[PDB]
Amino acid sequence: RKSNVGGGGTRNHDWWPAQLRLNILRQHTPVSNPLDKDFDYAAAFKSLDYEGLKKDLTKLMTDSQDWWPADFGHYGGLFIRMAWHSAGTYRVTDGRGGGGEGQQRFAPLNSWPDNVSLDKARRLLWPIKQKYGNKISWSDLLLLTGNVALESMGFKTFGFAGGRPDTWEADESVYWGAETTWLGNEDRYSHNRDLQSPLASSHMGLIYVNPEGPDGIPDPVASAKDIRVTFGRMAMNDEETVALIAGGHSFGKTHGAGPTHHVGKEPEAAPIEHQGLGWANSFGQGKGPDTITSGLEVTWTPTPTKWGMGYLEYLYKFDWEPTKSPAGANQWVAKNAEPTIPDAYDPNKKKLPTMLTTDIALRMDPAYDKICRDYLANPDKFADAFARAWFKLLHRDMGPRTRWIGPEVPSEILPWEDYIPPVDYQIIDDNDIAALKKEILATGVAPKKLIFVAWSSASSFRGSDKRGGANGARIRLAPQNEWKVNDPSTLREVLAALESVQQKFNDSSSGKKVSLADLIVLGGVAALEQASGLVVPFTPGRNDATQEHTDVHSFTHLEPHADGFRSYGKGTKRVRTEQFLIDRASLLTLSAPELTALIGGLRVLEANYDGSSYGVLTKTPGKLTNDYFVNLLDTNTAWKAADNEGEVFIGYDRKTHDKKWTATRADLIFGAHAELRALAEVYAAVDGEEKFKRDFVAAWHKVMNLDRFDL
């Protein structure tokens, strides 16, 4: 804070709100990481006493600690929430969020309004995290603990893959909304509403929807529409939405034993003496039977520490009546019923059953209604589907099966995976590679295309959920075959040339074969050698995918609205074209220097979709040089907008005024922004030529392999 010390004062974000920042290209550096330089987590995890650990959590499940006591002597209810919440922030839209980086430890997710009391949950595990050392990450353990909680209450699980490495910095690249007030929502919206992309929540500080109902209004069919969209954003359908909410609230209790005004400050504003614990409660004890968490006082089942079919049965057993909690919140009561649900602390005492508007949405919603009914008709199809949705939930952002590790990895290939079969033939060596480059260039396809269709294939990767890339060559499959930015016409010509080159090399020839995936990328490397005069690295082993394993609705999210690398699209009201470009480079895990080299080169090589003259700042296109940067930074050139929208520009001579260049904001920001201009200059110098060229080939080859977890 503006404290007269290092770290204090007004900063650039204060003076220049609108200005572009390259922060997100500087995250998760080794400098912030404690572990040994050569430490590898996957190798460490594989050596974990995994069984030993599972037994210790089940021991913990009943090991009620006195500073945060166990409702019904069981922490399972507490630990299924923690993990629902770890994973439940994932959103398909941009693929950010999820449990995969253990960010719940950190702000803001540690101090969210929906994350009350999970700091204590998280703390109850420290004695185990301390026992198992580096072989278990917080990322993993927080989800595994959720799985052990179910198993220990008589619910069978579908499986569990580990291998999520821990992070050490709060992840600054996630857009949670612009509100600036918790629980707020007056912007993420503009019934009949449209939650803006990429958001998958109705309020700031909340996981999916509101339990009290929209804006806190107990209208369950209005709350149903919230749940269909938000869970839709998180990749979930209606069947899976019903299995999750039922199976979830089949265990547990809520904590609103009092007026919330009695709760204190969240972990990040809490006093230092509380050691990462916030929400200090003054209502009576503050913990145990007096706990105050969300303000609603509900318990859904007769057996909160044991699996059964209580939640659905009870929902279709009474008529429900809206009431209010002991803290003043919109909840539902049962029009009639001897206390069947038991108290958390009095064994003797029992109470009438009750519910949550959201839960009540499942009955009042036309569709859910039914699903809710097929599950009662089949208390099995529902045991299965919950485990299946539960595994999907926790591993939706991990990526390809290649990244999954552990004794309990499942063998059933699931539909949402984007599965690629592992190569079951002999891979191409050096002589076959050399022989294929020649054959690809010999077809007579213009090198510019090969290069364009190489990048389009590779550029799909978004390293956040790890989906997309050259592997599997889905570029030939829907929806990518008809994406406007892929140039379907040229996409198909190149692909047709590669199809023949393949049948030629696989045909009757014995032993080895080559995927269209390896050829698509190798065509690029073939073309790029010819154009750079340098050796370009190439790793084979990609395989081809089938449409079956290509969820056309899943992949439609990856299509970009704007793409600076390919000179596609324009900005919006709230986002400038340069803002997308960094958002894309962050997604491709590219550094700022990496980004700079890539644009300078892709341009000179004309990788512009449709094929326009934008930023092709060379008089010898198709030949890799640093002409782009020399020309960009030229002080004898000037730039005028050629459109009032301010998306296209025109470079002209300052003295003679003759026109020279067209360009897009994707091009001029490298002159305009100070820090990016500092990288342009290195490549634009007279010594910069050959260095840029190597860097381009490094950065090119990096992009080409982003999805190679099989290595």
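Counting begins at 1, following the sequence as shown.
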item: Where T635 meets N636 in the shown sequence, the number of deposited residues left unmodelled; value: none
item: 463-471 or 309-317, whichever carries the higher mean Cα B-factor; value: 309-317
item: Mean C-alpha temperature factor, higher of 204-212 and 124-132; value: 204-212
item: Maximum C-alpha temperature factor, selected from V604, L588, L362, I451; value: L362
item: Residue of maximum C-alpha B factor among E529, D343, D397, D518, per deposited coordinates; value: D343
item: Position of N631 among the chain's modelled residues by C-alpha B-factor, lowest, middle or highest third; value: lowest
item: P271 - Cα temperature factor, lowest/middle/highest third of chain; value: middle
item: Entry-reported Cα temperature factor of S190, expressed as the chain third it lands in; value: highest
item: Where the record places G646 (Cα B-factor, split into thirds across the chain); value: highest
item: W332, C-alpha B-factor rank within chain (lowest, middle or highest third); value: highest
